[PDB]
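Asker: Sending over a structure as structure tokens; questions will come in a sec.
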Amino acid sequence: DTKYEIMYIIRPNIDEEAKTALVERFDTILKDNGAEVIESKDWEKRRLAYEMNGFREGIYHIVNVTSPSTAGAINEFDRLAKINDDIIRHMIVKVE
Amino acid sequence: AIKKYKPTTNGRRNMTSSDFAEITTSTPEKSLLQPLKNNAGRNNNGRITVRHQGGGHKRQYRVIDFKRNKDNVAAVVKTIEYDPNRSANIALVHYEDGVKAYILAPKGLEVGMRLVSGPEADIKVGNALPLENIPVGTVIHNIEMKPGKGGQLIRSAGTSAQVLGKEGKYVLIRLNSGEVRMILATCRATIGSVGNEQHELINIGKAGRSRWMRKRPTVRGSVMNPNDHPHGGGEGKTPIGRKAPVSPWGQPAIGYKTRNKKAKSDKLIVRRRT
Amino acid sequence: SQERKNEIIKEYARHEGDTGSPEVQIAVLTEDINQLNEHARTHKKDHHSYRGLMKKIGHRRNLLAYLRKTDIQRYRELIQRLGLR
Amino acid sequence: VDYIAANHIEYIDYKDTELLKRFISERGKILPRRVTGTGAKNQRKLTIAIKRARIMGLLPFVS
Amino acid sequence: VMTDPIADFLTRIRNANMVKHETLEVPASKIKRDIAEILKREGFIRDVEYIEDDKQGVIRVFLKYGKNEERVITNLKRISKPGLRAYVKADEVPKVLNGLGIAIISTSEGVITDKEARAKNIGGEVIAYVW
RNA sequence: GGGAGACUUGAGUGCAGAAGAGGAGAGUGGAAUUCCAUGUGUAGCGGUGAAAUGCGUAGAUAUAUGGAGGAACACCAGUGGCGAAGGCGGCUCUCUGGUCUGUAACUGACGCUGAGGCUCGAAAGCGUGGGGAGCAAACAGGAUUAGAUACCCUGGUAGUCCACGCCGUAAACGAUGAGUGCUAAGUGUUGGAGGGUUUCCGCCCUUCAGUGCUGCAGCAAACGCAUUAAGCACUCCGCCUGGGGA
Ligand SMILES: [K+]
Ligand SMILES: [K+]
Ligand SMILES: [K+]
Ligand SMILES: [K+]
Ligand SMILES: [K+]
Ligand SMILES: [K+]
Ligand SMILES: [K+]
Ligand SMILES: [K+]
Ligand SMILES: [K+]
Ligand SMILES: [Mg+2]
Ligand SMILES: [Mg+2]
Ligand SMILES: [Mg+2]
Ligand SMILES: [Mg+2]
Ligand SMILES: [Mg+2]
Ligand SMILES: [Mg+2]
Ligand SMILES: [Mg+2]
Ligand SMILES: [Mg+2]
């Protein structure tokens with residue numbers, strides 16, 4: 001399998017329970033599409049080096065995952081994350 | 001795809017048509033067929049009101065569900081079928097409760113897709129949602145201008161529109177024509193673009209084929225008599241010989257805009273094109 | 001896949017532990033050639049990868065030529081097993 | 001001195017913004033490996049990590 | 001790929017001789033040994049020895065330089081090549097430098113010099129000239 | 001040369017590692033330009049050797065806020081890397097080729113070259129359909145000039161980008177075919193490998209394969225080439241036989 005790391009920025013305004021619901025929704029997306037969510041953490045809450053979508057602040061949440069390369073879980077996360085408004089920016093990188 | 005005919009005859013020469021590969025059956029739904037008569041461009045007065053129409057092949061109307069307001073259950077795409085009345089193809093879909101219907105076939109539609117309608121529907125090709133629930137940047141079709149009236153815009157083969165943004169109770173849309181305008185957010189649309197994108201590339205090939213498609217010959221005004229057309233008359237071939245080319249009823253034909261100047265939709269039209 | 005390569009090595013091995021041999025090499029080359037043909041059919045414009053495929057094809061033909069030169073019976077058996085011309 | 005080598009870290013996360021900040025000049029521009037005394041291999045890895053950090057907003061593009 | 005180890009042997013000798021190296025080494029082959037021993041008994045090369053390894057063996061040649069480091073071997077030349085073979089009849093055996101040099105020939109009587117070949121009145125394949 | 005054996009060096013596979021703008025597909029980030037909208041704000045801005053065209057009192061340039069969208073990927077960056085060549089530089093992921101270094105388990109000459117064929121092949125160009133900010137043949141205007149169908153200036157269409165399909169040419173160059181072996185050193189640098197140290201980092205020694213520079217013998221008409229030969233040799237291929245006409 002291949003190991004991915006997904007760090008995405010939730011807009012800072014979000015409520016705690018809304019944030020928790022969003023986190024679990026995206027974790028469910030990964031699992032159902034065929035990935036193995038081996039870790040999901042709320043990494044930090046940081047100011048942005050530059051304004052992103054008009055925001056200078058955000059909540060960085062990390063998700064370490066490991067999925068078959070052919071599985072479309074990563075691709076589906078990209079699609080749904082891009083569509084969703086809460087998440088500002090998502091980075092998916094292979095981790096060796 | 002488009003198949004080109006070998007030049008076995010002058011008529012057949014340069015002719016092209018669609019292979020109809022996507023079409024999966026040639027047996028329309030008896031339940032949804034309705035009769036249609038060829039008006040041949042004649043109104044209740046019986047006068048020819050629109051020229052160059054009539055003749056051609058007999059057609060049965062297929063009842064398309066432009067409303068897509070059955071949000072209760074998903075509809076499974078049973079077949080892709082050819083529709084004589086529209087450039088796009090249609091899709092027969094079964095609702096899990098047993099209601100059969102036809103929809104426009106979006107680009108990429110496949111038999112077995114389980115489409116859904118309503119606010120909770122996912123953003124998938126063929127699903128129908130109110131415009132408010134469609135994320136910006138989405139490509140859509142079968143847009144309705146008045147809620148509940150059914151899709152009216154973006155229904156020809158290969159056409160598409162894009163959702164640009166929201167404001168107030170309206171949603172900004174770029175139409176296939178390139179015009180940018182506001183549309184009531186409560187209106188619905190279908191995710192995707194109209195399939196059969198290749199339709200425009202067909203080369204009709206011969207006059208008889210136009211006749212099949214119900215187009216009667218078009219006669220240039222320049223070869224009519226003066227009492228028939230403003231361009232008529234004159235010895236030999238003649239130029240326009242007027243201030244500008246005009247229709248048979250004197251309406252200028254090149255660049256003269258005909259949209260009503262006090263149209264109520266000017267408030268909603270943001271940027272015009274065409 | 002390394003796992004796939006090992007399994008095919010075992011199937012066509014002339015004897016125990018035989019990795020390099022006309023039979024094993026040709027079979028592995030054939031599998032990669034078929035697999036890479038699908039990739040090329042998907043990516044018509046991947047000319048660099050396609051040259052790799054052509055080098056593989058040439059190498060496999062050379063091995064087959066050598067094998068037919070040496071042992072015709074093994075050559076006939078191998079083409080039968082692998083469905084080659 | 002190759003600071004990366006001295007620290008003996010063969011994995012250069014694009015999240016260790018503190019680690020990255022010691023390889024960029026003011027204005028956010030990246031420093032030459034000849035300036036920093038580091039190796040070529042680690043220089044390439046630093047470039048990738050810094051660029052990833054910039055795209056995710058951890059580091060500034062300019063200023 | 002190497003196509004004429006005999007020519008390679010001759011060229012190894014020529015290059016080593018040109019730089020006045022004391023010794024040289026070559027992969028061992030029967031015909032190479034025949035040429036080496038011919039040169040040895042003709043006094044061109046100082047000494048010859050053979051080593052056995054697990055590839056094909058090795059042959060080491062110690063070059064001969066006269067007084068004042070003068071080169072004994074003026075040059076070597078490959079006559080018969082894989083591209084074109086050179087066969088000479090008994091009366092066609094050549095003389096290198098009017099006999100001062102030698103011509104190594106392969107015959108049904110073995111690998112012999114030009115003098116020996118014409119003494120036996122047999123032809124063969126002219127492997128090389130040396131002088 | 002032919003037949004029957006044997007061998008492992010060449011060749012390839014296995015196994016353990018290394019780097020990389022190699023290719024393809026779909027996404028995505030920031031600076032800038034231009035344009036759009038609206039503030040502020042008034043007399044120019046722009047440009048040249050000097051000018052003028054041009055834009056600006058219908059309020060320009062500038063200026064702040066955003067918005068739009070096209071293209072290229074600053075810094076890193078390096079006779080650095082990769083590719084057979086053309087060529088490949090933002091980042092991510094999917095697919096994918098090749099190369100190098102070890103080990104020596106495997107096959108046991110299976111190799112080299114390669115007419116004819118086939119594939120790839122910068123830029124421009126062509127076809128269909130897209131897209132189109134900047135730049136820019138053509139072209140327009142202002143200058144220069146004896147003239148200026150130019151150099152210069154202000155604009156600017158095709159094109160430059162994308163998908164598909166053609167086209168098959170370049171100073172497509174190292175103006176140096178490929179394979180192999182041999183023949184002083186010195187010094188850089190790329191990716192590995194081993195040892196001797198070193199607490200580690202690191203430094204010393206050996207070596208594999210690139211990449212530079214310097215430089216022996218040798219070669220050369222000279223210029224220069226010199227283990228990345230144009231030196232010493234063998235194999236195969238392509239090609240040359242005074243200039244013009246061409
Ligand atoms: K998003
Ligand atoms: K025709
Ligand atoms: K139709
Ligand atoms: K007509
Ligand atoms: K007339
Ligand atoms: K690879
Ligand atoms: K074009
Ligand atoms: K070196
Ligand atoms: K002549
Ligand atoms: Mg008409
Ligand atoms: Mg008439
Ligand atoms: Mg009239
Ligand atoms: Mg008239
Ligand atoms: Mg007339
Ligand atoms: Mg081009
Ligand atoms: Mg030429
Ligand atoms: Mg070197």
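We name chains A, B, ... following the order of the structure tokens; residues begin at 1 in each chain, and ligands are numbered from 1 as shown.
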Fewer than 3 positions away in the same chain doesn't count, so skip those; otherwise give me all residues within 9 Å of residue 121 (chain E), counting only C-alpha atoms (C1' of nucleotides), as number ranges by chain.
Answerer: E: 89-91, 116-118
Asker: Which residues of chain F are close to chain C, meaning at most 9 Å apart when you count only C-alpha atoms (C1' of nucleotides), and how do they look as a list in words?
Answerer: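 Close to chain C, chain F has residues 12, 13, 14, 22, 23, 24, 25, 83, 95, 96, 97, 98, 105, 106, 107, 110, 119 and 120 of chain F.
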Asker: Around ligand 1, which protein and nucleic acid residues have at least one atom no more than 7 Å from it, if we count only C-alpha atoms (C1' of nucleotides) and all ligand atoms? List them as a PDB file with N, CA, C and O atoms, in the first residue's frame.
Answerer:
ATOM      1  N   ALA A  81     -13.620  17.678  -0.801  1.00  0.00           N
ATOM      2  CA  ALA A  81     -13.000  18.782  -0.078  1.00  0.00           C
ATOM      3  C   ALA A  81     -13.055  20.067  -0.884  1.00  0.00           C
ATOM      4  O   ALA A  81     -13.368  21.134  -0.345  1.00  0.00           O
ATOM      5  N   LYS A  82     -12.768  19.989  -2.180  1.00  0.00           N
ATOM      6  CA  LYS A  82     -12.854  21.179  -3.014  1.00  0.00           C
ATOM      7  C   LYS A  82     -14.271  21.734  -3.030  1.00  0.00           C
ATOM      8  O   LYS A  82     -14.468  22.952  -2.943  1.00  0.00           O
ATOM      9  N   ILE A  83     -15.270  20.858  -3.130  1.00  0.00           N
ATOM     10  CA  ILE A  83     -16.653  21.317  -3.156  1.00  0.00           C
ATOM     11  C   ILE A  83     -17.031  21.968  -1.835  1.00  0.00           C
ATOM     12  O   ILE A  83     -17.686  23.018  -1.811  1.00  0.00           O
ATOM     13  N   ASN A  84     -16.635  21.368  -0.717  1.00  0.00           N
ATOM     14  CA  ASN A  84     -17.071  21.866   0.579  1.00  0.00           C
ATOM     15  C   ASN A  84     -16.458  23.229   0.864  1.00  0.00           C
ATOM     16  O   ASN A  84     -15.293  23.486   0.546  1.00  0.00           O
ATOM     17  N   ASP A  85     -17.251  24.105   1.482  1.00  0.00           N
ATOM     18  CA  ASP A  85     -16.824  25.472   1.748  1.00  0.00           C
ATOM     19  C   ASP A  85     -16.042  25.617   3.043  1.00  0.00           C
ATOM     20  O   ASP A  85     -15.226  26.537   3.162  1.00  0.00           O
ATOM     21  N   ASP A  86     -16.273  24.742   4.020  1.00  0.00           N
ATOM     22  CA  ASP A  86     -15.611  24.901   5.308  1.00  0.00           C
ATOM     23  C   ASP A  86     -14.100  24.811   5.163  1.00  0.00           C
ATOM     24  O   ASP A  86     -13.361  25.618   5.740  1.00  0.00           O
ATOM     25  N   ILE A  87     -13.622  23.845   4.393  1.00  0.00           N
ATOM     26  CA  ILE A  87     -12.193  23.621   4.245  1.00  0.00           C
ATOM     27  C   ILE A  87     -11.633  24.639   3.264  1.00  0.00           C
ATOM     28  O   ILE A  87     -12.135  24.783   2.144  1.00  0.00           O
ATOM     29  N   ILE A  88     -10.590  25.351   3.685  1.00  0.00           N
ATOM     30  CA  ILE A  88      -9.985  26.362   2.827  1.00  0.00           C
ATOM     31  C   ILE A  88      -9.050  25.717   1.816  1.00  0.00           C
ATOM     32  O   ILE A  88      -9.182  25.927   0.605  1.00  0.00           O
ATOM     33  N   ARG A  89      -8.099  24.921   2.294  1.00  0.00           N
ATOM     34  CA  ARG A  89      -7.057  24.377   1.440  1.00  0.00           C
ATOM     35  C   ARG A  89      -6.615  23.036   1.999  1.00  0.00           C
ATOM     36  O   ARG A  89      -6.456  22.886   3.213  1.00  0.00           O
TER      37      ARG A  89
END
Asker: Counting only C-alpha atoms (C1' of nucleotides) and all ligand atoms, which residues of chain F fall within 8 Å of ligand 17, and what is the closest atom pair for each with its distance in Å at one decimal, ordered by chain and rising number, as a Markdown table?
Answerer:
| residue | atom | partner | partner_atom_place_in_ligand_line | distance |
| --- | --- | --- | --- | --- |
| F:209 | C1' | ligand 17 | 1 (Mg) | 7.8 |
| F:210 | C1' | ligand 17 | 1 (Mg) | 6.3 |
| F:211 | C1' | ligand 17 | 1 (Mg) | 6.9 |
| F:228 | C1' | ligand 17 | 1 (Mg) | 7.6 |
Asker: Any chance you can output those residues with N, CA and C atoms (P, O5', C5', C4', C3', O3' and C1' of nucleotides) as a PDB file, in the first residue's frame?
Answerer:
ATOM      1  P     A F 209      33.328   2.323 -14.466  1.00  0.00           P
ATOM      2  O5'   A F 209      32.130   3.297 -14.840  1.00  0.00           O
ATOM      3  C5'   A F 209      30.834   2.775 -15.081  1.00  0.00           C
ATOM      4  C4'   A F 209      29.772   3.823 -14.884  1.00  0.00           C
ATOM      5  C3'   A F 209      29.973   5.124 -15.635  1.00  0.00           C
ATOM      6  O3'   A F 209      29.600   5.035 -16.997  1.00  0.00           O
ATOM      7  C1'   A F 209      29.320   5.581 -13.407  1.00  0.00           C
ATOM      8  P     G F 210      30.048   6.181 -18.023  1.00  0.00           P
ATOM      9  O5'   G F 210      29.725   7.523 -17.236  1.00  0.00           O
ATOM     10  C5'   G F 210      29.593   8.757 -17.918  1.00  0.00           C
ATOM     11  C4'   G F 210      28.622   9.661 -17.208  1.00  0.00           C
ATOM     12  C3'   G F 210      28.819  11.146 -17.441  1.00  0.00           C
ATOM     13  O3'   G F 210      28.246  11.591 -18.654  1.00  0.00           O
ATOM     14  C1'   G F 210      28.560  10.742 -15.130  1.00  0.00           C
ATOM     15  P     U F 211      29.105  12.510 -19.646  1.00  0.00           P
ATOM     16  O5'   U F 211      29.296  13.862 -18.830  1.00  0.00           O
ATOM     17  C5'   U F 211      28.174  14.607 -18.385  1.00  0.00           C
ATOM     18  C4'   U F 211      28.590  15.702 -17.441  1.00  0.00           C
ATOM     19  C3'   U F 211      29.752  16.558 -17.904  1.00  0.00           C
ATOM     20  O3'   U F 211      29.348  17.585 -18.791  1.00  0.00           O
ATOM     21  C1'   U F 211      30.120  15.875 -15.677  1.00  0.00           C
ATOM     22  P     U F 228      36.635   9.420 -18.940  1.00  0.00           P
ATOM     23  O5'   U F 228      35.851  10.051 -20.169  1.00  0.00           O
ATOM     24  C5'   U F 228      35.421   9.242 -21.254  1.00  0.00           C
ATOM     25  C4'   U F 228      34.864  10.085 -22.369  1.00  0.00           C
ATOM     26  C3'   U F 228      35.890  10.949 -23.094  1.00  0.00           C
ATOM     27  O3'   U F 228      35.527  11.081 -24.465  1.00  0.00           O
ATOM     28  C1'   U F 228      34.249  12.332 -22.119  1.00  0.00           C
TER      29        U F 228
END
Asker: Dump as JSON, numbers by chain the residues of chain A that approach chain D to within 8 Å, counting only C-alpha atoms.
Answerer: {"A": [48, 49, 50, 52, 89, 90, 91]}
Asker: Taking the chain letters and numbering used in this document, name the residues of region 13-84 of chain E that DSSP puts in alpha helix (DSSP H), as a list in words.
Answerer: residues 13, 14, 15, 16, 17, 18, 30, 31, 32, 33, 34, 35, 36, 37, 38, 39, 40 and 41 of chain E
Asker: Do you know which residues are at most 6 Å from region 36-52 of chain E counting only C-alpha atoms (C1' of nucleotides), after dropping those on the same chain fewer than 2 positions away, and could you put them as a PyMOL selection string?
Answerer: chain E and resi 33-34+57-64
